[PDB]
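Two forms, one chain: they're shown below as C-alpha cells, one block per form, named structure 1 and structure 2.
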Structure 1
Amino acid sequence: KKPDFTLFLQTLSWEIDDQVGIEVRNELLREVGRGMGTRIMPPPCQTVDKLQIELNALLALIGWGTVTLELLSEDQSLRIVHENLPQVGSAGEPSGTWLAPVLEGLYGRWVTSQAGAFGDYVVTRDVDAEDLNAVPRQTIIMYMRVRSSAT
C-alpha cells in the first residue's frame, strides 16, 4: 500500500536506454544525482571521517546503501566505495547498476559542498578495479580529484 517503484524503474530504464542511448542516459542521471544533493545535504564537516558518517546517515534516510571515503594522498584523490546500490532490473553496465551515475552526481554535489573539491563536474567510475577485484555487482567504486584536505 506504500508505493513500490522497482517495476516502474525497471520499465523506465529500458525505454530511456532504447530512446536516447547510454551516453545521454548517463548525463540525465548524473544531473538527477546533482539535483538530489541539493534537496538533501550534509553539514560542513571538518574531516573525511566525519563526512563519511554524515553521508551514511543521508543514505540510510532513503535506504540507498552505505559508503566508505578513502583519502588518497596521490592526485589528492578521493576513493568512494558505495555498497548496495539499489537494483532496477538488468539495465546498465554492468547489468544491475543502471542507477550508478546518480551516485556520480550525488557525491559530486555532496563532496563539493565540503569545499575540499573542485565542483560536482567529474566523478569517475572505475571500471578496472570494479572488475579486477571481483567486487560485488551493486558495489560502485568512484574517484574524485580533491584539494589538499585532511583527516
Structure 2
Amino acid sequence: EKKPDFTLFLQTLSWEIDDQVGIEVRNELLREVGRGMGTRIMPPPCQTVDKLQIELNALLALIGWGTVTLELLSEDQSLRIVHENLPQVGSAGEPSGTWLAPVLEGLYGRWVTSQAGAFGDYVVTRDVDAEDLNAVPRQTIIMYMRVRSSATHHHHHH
C-alpha cells in the first residue's frame, strides 16, 4: 500500500471550518498548528541564514511541503521568506488555494526564532498585497520576519 490520501479530507475539512468560523479565527488556529509542527520537527542551531535555508528545505523535503528561500534584508534586517508549492487543499483560503498558508507562518515562526537569539524576538507576517502577489504563483507564499513592539494605548483595549 501507499499511505492514505488526506487531500479529499482537507478539502472538505477546510470547507467546514470556514463555514463555521471566521477567516480570522481559522488563521489563528492554523498558526498554532504550524507552531506545533515546529515542536515536532526542527533545524539544528545554524551559523548563517544560508545554512538555516538548507536545513529548512531538508525539513520541507521530509514531508513534501515544498521549498523555501531566505533572504536577510540589511536595510532593516527583516528576513524575507519565499515559500514555494505550499500544498494545495481545494479552493478555500485567500487567495483560493492557500488555506494552509498560516500553517507556514507558525512553522517559520517556531523554526526561525529557535535560532541564535539572533532571531529571538521576531514575528512572521504574510505579504498579502495583491500587487506583488500577482507576478508569483498561487501556491507561493511570501512572508517577512521582523522584530515585535507595542503602544501604551493599544495596551488597553485588552
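FYI, numbering is relative to structure 1, first residue = 1. Take the two forms, find the largest set of C-alpha atoms that superpose within 1.5 Å, and that set is the rigid core.
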inquiry  = If I align on the rigid core, exactly one of 42, 89, 86, 116 should have its C-alpha move by 2 Å or more between structures 1 and 2; which residue is that?
reply    = 116
query = Taking the rigid core as reference, does the Cα of residue 17 move 2 Å or more between structures 1 and 2?
reply = no
message = On a rigid core superposition, would residue 139 pass a 2 Å threshold for CA movement between structures 1 and 2?
response = no
Angstrom displacement of the CA atom of residue 127 between structures 1 and 2, core fixed = 1.4
